[PDB]
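Single-structure report; data block below.
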Amino acid sequence: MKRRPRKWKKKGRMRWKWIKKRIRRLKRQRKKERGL
Amino acid sequence: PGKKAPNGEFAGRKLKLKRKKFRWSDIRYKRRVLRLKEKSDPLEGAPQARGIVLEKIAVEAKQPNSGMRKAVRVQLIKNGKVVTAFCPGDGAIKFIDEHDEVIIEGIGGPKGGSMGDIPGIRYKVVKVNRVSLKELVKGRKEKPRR
Amino acid sequence: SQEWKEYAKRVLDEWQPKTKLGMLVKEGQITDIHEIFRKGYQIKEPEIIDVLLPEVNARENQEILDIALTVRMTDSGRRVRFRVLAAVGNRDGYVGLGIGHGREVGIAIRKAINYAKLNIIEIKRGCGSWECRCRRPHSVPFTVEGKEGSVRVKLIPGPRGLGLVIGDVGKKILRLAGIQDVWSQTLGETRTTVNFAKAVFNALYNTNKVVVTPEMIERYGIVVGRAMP
Amino acid sequence: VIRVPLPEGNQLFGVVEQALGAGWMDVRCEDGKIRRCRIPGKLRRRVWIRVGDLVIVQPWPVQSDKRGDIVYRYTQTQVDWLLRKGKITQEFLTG
RNA sequence: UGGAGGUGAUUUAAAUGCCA
RNA sequence: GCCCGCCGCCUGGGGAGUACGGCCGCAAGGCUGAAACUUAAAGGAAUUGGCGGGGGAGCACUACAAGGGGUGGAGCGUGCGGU
RNA sequence: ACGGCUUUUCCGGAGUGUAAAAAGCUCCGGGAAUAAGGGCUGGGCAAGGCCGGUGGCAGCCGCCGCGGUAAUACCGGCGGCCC
Ligand SMILES: [Mg+2]
Ligand SMILES: [Mg+2]
Ligand SMILES: [Mg+2]
Ligand SMILES: [Mg+2]
Ligand SMILES: [Zn+2]
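Chains as they are written, first to last, in our numbering: chain A, 1 to 36; chain B, 37 to 182; chain C, 183 to 411; chain D, 412 to 506.
Pasting the structure below:
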């Protein structure tokens with residue numbers, strides 16, 4: 001997914017392992033629901 | 037890290053290709069060869085414009101300031117788009133009536149964009165009915181069309 | 183040149199030295215500024231320079247580069263103390279540069295001017311440009327470089343009449359030493375005058391670390407110290 | 412007599428229903444049109460406004476529909492004091 | 001004088017903060 | 001560290017590893033990858049202090065442990081909030 | 001404030017100039033007479049620690065930043081600085 005290590009730093013944001021998991025759940029809908 | 041990649045005598049082509057390919061990682065040169073300012077720009081490469089006012093509004097200043105800054109909604113002529121302009125001077129909002137032909141400049145901030153606490157305004161009125169707003173605000177001249 | 187030559191005759195009495203160079207000077211043995219340097223001594227009494235370079239205190243051979251107040255926090259507020267940077271030198275062949283610290287501005291200035299006499303050096307001058315080929319001591323004899331902090335400087339000779347083209351706090355140091363024409367090329371962050379000043383000082387020092395032949399001397403005009411004042 | 416924030420100039424009486432958020436206050440005045448008050452920066456420090464506090468605001472001649480602006484509050488020693496004079500009828504607060 | 005690794009253990013509940 | 005070679009990548013923080021289009025895979029997914037717009041800082045290594053439901057050393061009847069007398073419940077004296 | 005002086009520029013007049021004009025240039029008569037604005041005045045950046053308004057409002061602000069009833073920073077008056 002071509003990640004960049006500046007974003008695991010947790011200073012003023014939320015965990016990256018849990019943001020990726022939420023980008024995926026949207027790319028699953030833009031694809032089923034007429035991502036055809 | 038090594039020394040530097042194509043430092044040969046007969047290595048011109050690879051050198052020119054390297055430089056030409058890493059020039060695009062810039063942002064001022066890219067924004068220029070593609071001509072991206074235009075076709076995203078309501079004034080279309082001009083230093084003024086002329087519009088017709090639609091209403092009068094006021095905005096809130098930024099976080100560590102307090103006040104309301106007066107402004108107007110202008111609709112252009114050459115395009116038909118709608119921009120938000122700002123009236124400079126103590127008591128200017130008392131001259132801009134509806135249905136006026138105003139002139140429009142930039143505002144001169146960083147990168148051509150906005151400035152100061154007024155965060156999203158990027159144009160300022162100069163002329164109202166062909167009488168410099170600067171004069172009107174301080175007497176010294178009379179206003180046409182009522 | 184008189185008032186700054188009775189000054190030494192006044193100082194030379196009420197001064198009973200404690201180091202050894204003090205004895206040597208006060209007994210008429212050592213009698214000229216050019217013979218305490220290249221021999222490995224130590225200099226801890228600031229009256230030695232008042233006697234051999236009595237002009238170093240003339241208020242037009244003095245200079246106050248920057249003043250800045252710094253802070254450290256404590257459970258009863260902030261404790262604030264100053265820092266001054268000052269340079270001194272006759273405008274002929276000698277310079278010095280020091281810092282000093284205090285809790286007011288006259289005391290910091292006093293210590294700075296003091297420690298700027300115990301950090302004195304002599305340089306080499308000449309004329310090594312490609313345009314001017316006279317033999318007169320107005321410029322650096324050949325390009326030198328000195329580094330400090332995060333700031334690299336490089337000083338290039340320049341033709342007679344062209345002024346001093348360097349930053350702001352380089353001009354004072356290079357004017358107090360006698361140089362009058364120069365060019366320049368720098369790097370790093372040149373907004374922290376402490377590091378910029380120390381790099382210029384180190385370059386002027388490194389002037390005398392380049393090997394020369396006895397014939398290169400009568401082609402650039404290299405004078406060491408005074409040159410017929 | 413007494414110094415009370417009467418309607419001076421063009422003031423309005425603000426009695427709020429709900430705070431949608433970020434300072435917007437839906438007010439329910441005797442005028443009828445849903446007005447939406449906002450707040451200046453001089454009082455956002457020392458005072459504390461909520462629902463049921465009849466207070467004074469100021470409207471704006473633009474559309475005369477969703478307007479109002481706090482300038483001063485009312486203390487519990489005035490809110491019901493303002494009944495006997497009948498300057499305001501409280502049945503604009505129970506329907 | 002001064003540091004680098006390893007294996008063990010580490011104990012009921014216990015949240016939140018005008019304005020200058 | 002001082003030199004002689006070759007190849008890969010970087011150009012303020014976000015938007016974004018996202019949209020669109022291709023090539024792989026049975027599916028999960030992988031590789032390639034922008035612009036509108038928004039913002040004056042985001043980041044690094046060290047220094048005084050303050051703090052820790054971190055560690056050591058030492059304290060104190062406005063702390064405890066061992067003890068003596070009580071205030072908190074009733075009526076009045078006096079001070080305060082509110083009305 | 002008194003005494004004198006000049007006529008580049010300004011009004012009339014004569015030559016010359018020009019395809020014809022006009023400008024221009026040489027001579028005459030009057031007259032110091034006909035002729036300075038624009039922007040800045042907290043730091044970067046030369047220049048005020050003065051007077052009167054305004055009270056987080058009005059306004060200023062390329063960036064940093066002023067204004068909360070004692071404003072060198074906003075609006076004026078008087079001073080000063082660069083062209
Ligand atoms: Mg990294
Ligand atoms: Mg907490
Ligand atoms: Mg002024
Ligand atoms: Mg200045
Ligand atoms: Zn020379």
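Quick reminder that beta carbons are idealized off the backbone N, C-alpha and C, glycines included.
| query | result |
| --- | --- |
| For A/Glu33: DSSP bridge partner residues | A/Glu33 is not bridged to any residue. |
| Close Cβ partners of residue 413 of chain C (< 8 Å) along its chain, the five nearest in sequence each way excluded | It is not possible to answer for residue 413 of chain C, since the shown part of chain C is limited to 183 through 411. |
| Partner residues on chain D for B/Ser102, Cβ-Cβ distance less than 9 Å | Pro451, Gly452 and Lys453 |
| Nearest candidate by alpha-carbon position, reference D/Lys477, set D/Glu419, D/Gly432, D/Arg439 and D/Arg414 | D/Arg439 |
| Enclosing beta strand (DSSP E) for D/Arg447 [first to last residue] | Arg446 to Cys448 |
| Heavy atom of ligand 5 within 6 Å of C/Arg192 beta-carbon | no |
| Assigned secondary structure, D/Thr505 (DSSP; H/G/I helix, E/B strand, else coil) | coil |
| C/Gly259 to D/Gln422 span [Cα, whole Å] | 48 Å |
| Neighbour-count burial assignment, D/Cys448, 16 or more Cβ in a 10 Å radius | buried |
| Cβ-heavy atom distance, C/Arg318 to ligand 5, below 6 Å | yes |
| Helix, strand or coil at B/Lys179 according to DSSP, with G and I counted as helix | coil |
| Distance between B/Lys56 and B/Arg49 (C-alpha atoms, nearest Å) | 11 Å |
| Distance between D/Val473 and D/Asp437 (C-alpha atoms, nearest Å) | 17 Å |
| B/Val164 vs B/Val138 beta-carbon contact at 7 Å | yes |
| Straight-line gap, C/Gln184 to C/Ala240 (C-alpha atoms, nearest Å) | 12 Å |
| Stretch-stretch touch, CB-based, cutoff 8 Å, three pairs: the segment 337–349 of chain C with the segment 286–297 of chain C | no |
| For C/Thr389, the three-state DSSP class (helix, strand or coil) | helix |
| Those residues which DSSP pairs with B/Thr120 across a bridge | B/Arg109 |
| Extent of the continuous beta strand (DSSP E) to which C/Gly259 belongs | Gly259 to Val270 |
| Near ligand 5: C/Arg241 beta-carbon under 6 Å from a heavy atom | no |
| contact_flag[the segment 112–120 of chain B, the segment 86–94 of chain B] where n(CB pairs < 8 Å) is 3 or more | yes |
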